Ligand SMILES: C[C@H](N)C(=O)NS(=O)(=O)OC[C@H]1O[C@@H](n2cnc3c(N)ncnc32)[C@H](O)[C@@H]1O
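Just one chain is shown here, as structure tokens, and it is the form deposited without the named molecule.
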């Protein structure tokens, strides 16, 4: 695999808005997020659609692709980070300069709808991409949680890490639906646990991201093929039991559970259980119908805070029983 250079203090992070126009609609949180990273020591290069507004999106298909491609082609930018998701990143896929990326690999990071681009870049170039912070949701978060998301970002992207790289559980989390633009109270600290839903271990290439979003790219050249022995990493956020049953069944009928060696399931921010009192993993277990696949749930790589930064497309070992995740293969220089 070609690999991106590690992030360094003094580097420039390019930001782009491939879907929702958050830099227009949530300017306080946007400015707070920029200032946070500037203070840490990174410059921010604002993509061409920053401050622009086209209702549910930042701009036309072409204009969004141009915004991203300008960052891809800029040798001064070491990391390209989505501002936020939405629904419409998959529109850009035919128009991205994959060749320019492959020729000068950089860190591509974000989450949620940005999955479309993370996976498409990986599919087209073979360069690992990163399920991790987007500027506004992740680095616009108030203290305390922002600081733990930031710690995890440095660990994956900037620190010199020896292999194997151990991914550790945070002590506390939150999904509270408060404090978006302005802070009104402290978010409750939720004690954490990862869940040993189905015991066992697996080692394989990790593939996945936001499940809802995967259904917008599935079957295309931009969806990496799932191979025998891969580890599936999936999360959904702010959806409901009916939506995720459809998604889990989508994977089942596509044979994904006959291929993968294990499953890492993210927490589900603000899950709506439709009155059932069922957890997301229980719905998945129904869909799996007693097929014994190791399953570790409530992983902190999703819309809940704080967020881990996870490489995608590299070898991983998971132990659902003992609740560990290690990265086995280098993901950066």
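Residue numbers count along the first chain shown, from 1.
We do not show the form solved in complex with the named molecule, though everything after this point is about it.
Quiz prompt | Open vs blocked, site of the named molecule as found in the entry with it bound, superimposed, 2.4 Å to backbone or C-beta | solution = Site status: open.
Quiz prompt | Interface residue in the entry with it bound among 287, 303, 65, 293, criterion: non-hydrogen atom within 4.5 angstroms of the named molecule | solution = Checking each option against the named molecule in the entry with it bound, the one that comes within 4.5 Å is 303.
Quiz item: the named molecule isn't shown here, but in the entry with it bound which of 79, 231, 112, 117 has a heavy atom within 4.5 Å of it?
Solution: Result of the distance check: 112.
Quiz item: Which single stretch, out of 190 to 198, 145 to 153, 160 to 168, 79 to 87, brings residue heavy atoms within 4.5 Å of the named molecule in the entry with it bound?
Solution: That would be stretch 79 to 87.
Self-check item: Check all three, 129, 208 and 329, heavy atom within 4.5 Å of the named molecule in the entry with it bound
Solution: No, because 129, 208 and 329 lack any heavy atom that approaches the named molecule to within 4.5 Å in the entry with it bound.
Quiz item: Can any non-hydrogen atom of residue 137 be found within 4.5 angstroms of the named molecule in the entry with it bound?
Solution: Residue 137: contacts the named molecule in the entry with it bound.
Quiz item: Heavy atoms within 4.5 Å of the named molecule in the entry with it bound: does residue 23 have any?
Solution: No - in the entry with it bound, heavy atoms of residue 23 and the named molecule never come within 4.5 Å of each other.
Self-check item: Interface membership of residue 269, the named molecule in the entry with it bound, 4.5 Å heavy atom rule
Solution: Residue 269 belongs to the contact set for the named molecule.
Quiz item: Hey, in the entry with it bound, does residue 180 get a heavy atom within 4.5 angstroms of the named molecule?
Solution: Close contact exists here: in the entry with it bound, residue 180 approaches the named molecule to within 4.5 Å, heavy atoms only.
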